[PDB]
Number of protein chains: 2
Amino acid sequence: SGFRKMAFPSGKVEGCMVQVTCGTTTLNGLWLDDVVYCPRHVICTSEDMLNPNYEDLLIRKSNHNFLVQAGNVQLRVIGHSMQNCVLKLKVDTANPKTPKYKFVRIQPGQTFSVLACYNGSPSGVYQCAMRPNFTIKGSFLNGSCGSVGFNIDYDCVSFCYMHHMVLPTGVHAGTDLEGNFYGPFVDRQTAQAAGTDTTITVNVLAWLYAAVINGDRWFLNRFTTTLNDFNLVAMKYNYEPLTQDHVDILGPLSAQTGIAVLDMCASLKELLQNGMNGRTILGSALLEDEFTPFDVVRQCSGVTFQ
Amino acid sequence: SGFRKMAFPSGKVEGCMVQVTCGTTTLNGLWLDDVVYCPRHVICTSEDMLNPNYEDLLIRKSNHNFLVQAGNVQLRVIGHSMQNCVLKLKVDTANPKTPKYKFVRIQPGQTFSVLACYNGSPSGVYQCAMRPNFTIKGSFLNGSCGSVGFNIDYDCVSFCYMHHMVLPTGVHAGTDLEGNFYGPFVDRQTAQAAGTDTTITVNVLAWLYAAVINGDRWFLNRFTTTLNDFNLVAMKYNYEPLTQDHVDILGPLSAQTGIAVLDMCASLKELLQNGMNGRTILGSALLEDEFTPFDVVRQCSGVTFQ
Ligand SMILES: *C(=N)[C@H](C[C@@H]1CCNC1=O)NC(=O)[C@@H]1[C@@H]2[C@H](CN1C(=O)[C@@H](NC(=O)C(F)(F)F)C(C)(C)C)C2(C)C
Ligand SMILES: *C(=N)[C@H](C[C@@H]1CCNC1=O)NC(=O)[C@@H]1[C@@H]2[C@H](CN1C(=O)[C@@H](NC(=O)C(F)(F)F)C(C)(C)C)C2(C)C
């Protein structure tokens with residue numbers, strides 16, 4: 001009953017959050033086993049960030065220059081290295097709350113939960129999508145850098161995002177946990193803009209299935225369409241092409257509701273060409289594209305985590 | 001940068017979730033110190049729930065009939081009692097993860113986070129409002145009963161909601177942690193309907209302030225209004241009357257933005273009488289009323305929890 005944007009329970013990630021200070025710059029770090037991961041611009045003054053030479057700034061630092069605080073306990077730093085745009089601080093204490101984890105690089109269209117943190121302390125959790133233009137539509141203030149995005153599978157936390165910056169129009173950019181940015185962005189205070197974004201078609205279809213599962217059914221028309229003809233229409237309205245892989249991923253929802261993916265594509269085609277005429281779907285006046293097919297299954301089938 | 005529905009970090013509550021089974025009925029319980037709290041209808045068969053006599057059903061149970069599982073560990077039950085619609089199971093082990101906590105009864109219009117659980121295990125977290133008709137618009141499946149709603153203040157978890165049932169139109173109903181239902185509902189499978197709902201006016205105003213803080217400003221008109229005249233208009237569109245207490249609670253946002261509450265009331269009055277003309281506010285095509293003034297401050301000022 002009901003369908004909501006829903007984040008993963010954050011407790012496993014909360015126990016990994018620490019504060020990292022270098023000089024007068026403080027941000028969040030992620031403490032897994034005996035390594036703390038954080039954005040490399042913790043080593044920058046405000047003036048360094050206009051055109052930093054990270055390798056140069058880092059050669060002038062030593063272990064003791066990094067103040068790492070887990071709550072009210074300082075963690076002694078015994079090694080450091082730079083991996084792409086991420087700094088790795090080796091500490092002399094393994095985090096006893098470390099969950100089973102992986103580092104993954106997610107694909108555009110996939111969703112994850114963000115645990116927004118300041119000074120190493122969690123402020124809130126929300127659900128995000130990696131946009132096709134490799135930005136995310138988050139909520140972040142000064143000092144949020146080093147907040148992470150993650151998915152959970154039973155007992156395993158898959159970390160996929162570390163926050164670094166905000167761009168014009170207010171969208172956010174960051175890296176995977178190997179320090180590689182999503183998209184063409186750089187961690188420098190210089191002129192940068194996101195490319196034009198597009199609508200994640202497979203996710204809109206997943207969300208229409210969620211609507212049907214939840215009894216919100218007015219938009220279902222009596223028609224079908226071809227994959228080729230749907231994608232012709234989708235292009236006009238700035239929607240990602242639907243691939244056969246996407247059709248296959250939608251199969252569980254298609255089987256659950258008895259609606260073929262291409263039949264649902266016919267209904268979405270009408271909605272795009274005609275609008276929603278002041279009606280809502282699942283309480284929303286716009287078509288929603290930040291639920292994956294898995295998100296829909298997970299929420300409508302009550303999948304839990306251990 | 002950005003404004004999102006954002007839940008409290010759930011870790012403190014995750015460490016209190018347990019599974020409670022009686023007979024063949026299983027649901028979630030909340031384990032604080034040496035007491036487990038859960039909905040009393042765990043003692044009902046499917047047929048009992050049509051017209052249960054809870055006192056009668058409970059007199060036929062003894063301590064050993066209650067199977068309480070915290071992960072893979074069974075907690076021995078050494079006492080039980082019924083308090084309104086909640087069952088309290090005394091166990092022989094205090095929960096070592098118990099946070100500092102309070103039980104509170106929230107008022108209509110206030111928000112909280114729900115940790116949706118199945119079989120004692122957390123599935124996800126989302127933000128909810130107590131509606132003026134004493135329902136909540138949640139996302140709950142079979143077996144979710146005993147999931148709780150809560151707010152966090154620094155280190156203190158204020159539990160305010162325990163989930164019990166879903167009503168026609170798909171809205172949900174439940175109790176505070178003393179077992180008293182919000183609204184006129186009863187924990188019986190019988191014909192029940194929510195009253196007509198209304199829009200939480202103070203929260204819409206808080207959300208308009210969030211829009212201004214985030215630079216989304218088109219709806220601001222050049223006018224002002226009286227409290228009396230605004231509420232005349234608000235009545236027509238099924239909005240709660242705005243009280244002076246509400247004006248005072250909005251003062252921090254009014255001071256932050258330089259916009260008097262009654263000036264913002266003039267802008268909201270235009271939006272109601274005129275619509276949004278296909279425009280969005282903070283990405284939304286409808287006026288949003290599930291952010292409190294505190295929610296707005298907390299998200300735009302980065303308040304954290306310890
Ligand atoms: C980390 N704590 C912050 C998070 C930012 C701050 C406000 N909202 C956020 O998401 N990260 C930064 O301040 C980064 C950081 C230098 C500058 N920066 C920016 O986000 C800047 N953005 C850009 O220069 C642009 F447009 F290219 F993205 C700023 C103008 C301050 C918003 C570094 C090392 C990139
Ligand atoms: C607890 N696990 C469930 C949560 C429900 C189940 C589906 N979505 C939810 O939120 N609670 C119940 O099944 C409760 C419970 C008996 C019956 N019940 C209902 O929710 C029923 N609702 C009503 O009878 C109504 F309309 F009055 F609210 C049901 C028809 C099964 C949806 C008790 C003890 C009230």
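So you know, we letter chains A, B, ... as the sequences are listed, proteins then strands, and number each from 1. The analysis underlying the following values was restricted to heavy atoms, covering all of them including side chains, and did not include hydrogens, waters or symmetry mates.
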Looking at B:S121 and A:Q306, would you say the former's side chain and the latter's main chain have a donor-acceptor pair under 3.5 Å? no

Name the member of B:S144, B:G138, B:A285 that forms the most heavy-atom pairs with chain A at distances under 4.5 Å. B:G138

Can you name the nearest heavy-atom pair linking A:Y118 to B:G302, along with the distance? CD1-O, 3.9 Å

I'd like to know if the side chain of A:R298 reaches the main chain of B:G124, judged simply by a donor and an acceptor atom lying under 3.5 Å from each other, with no hydrogens or angles considered. no

Quick check for you: to the nearest 0.5 Å, what is the distance between B:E14 atom CD and A:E14 atom CD? 6.5 Å

If only atom types and distance count, is the side chain of B:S10 paired as donor or acceptor with the main-chain N or O of A:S10 below 3.5 Å? yes

So which of A:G283, A:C300, A:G15 has the biggest tally of heavy-atom pairs under 4.5 Å with chain B? A:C300

Identify which part of A:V125 has an atom lying under 4.5 Å from any heavy atom of chain B, answering side chain, backbone, both or neither. both

Sort B:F3 into side chain, backbone, both or neither according to what part of it lies under 4.5 angstrom from a heavy atom of chain A. backbone

Atom CG in B:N28, atom OG1 in A:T304: separation rounded to 0.5 Å? 9.5 Å

At a 4.5 Å cut-off on heavy atoms, which part of B:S301 comes close to chain A: side chain, backbone, both, or neither? backbone

Give, as side chain, backbone, both or neither, the part of B:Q299 having an atom under 4.5 angstrom from any heavy atom of chain A. both

Interatomic spacing from CZ in A:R4 to CD in B:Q127 - rounded to 0.5 Å: 8.0 Å

Quick check against the 3.5 Å criterion: does A:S123 have a side-chain atom that pairs as donor or acceptor with the backbone of B:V303? yes

Is any side-chain heavy atom of A:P9 closer than 4.5 Å to one of B:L115? yes

Heavy-atom pairs under 4.5 Å with chain A - which of B:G120, B:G2, B:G11, B:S139 has more of them than the others? B:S139

Counting only heavy atoms not in A:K137 (residues, nucleotides, ligands), do more than 12 fall under 6.0 Å from its NZ? no

Could you report the tightest heavy-atom contact between B:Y126 and A:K5, atom names first, then the distance? CB-O, 3.5 Å

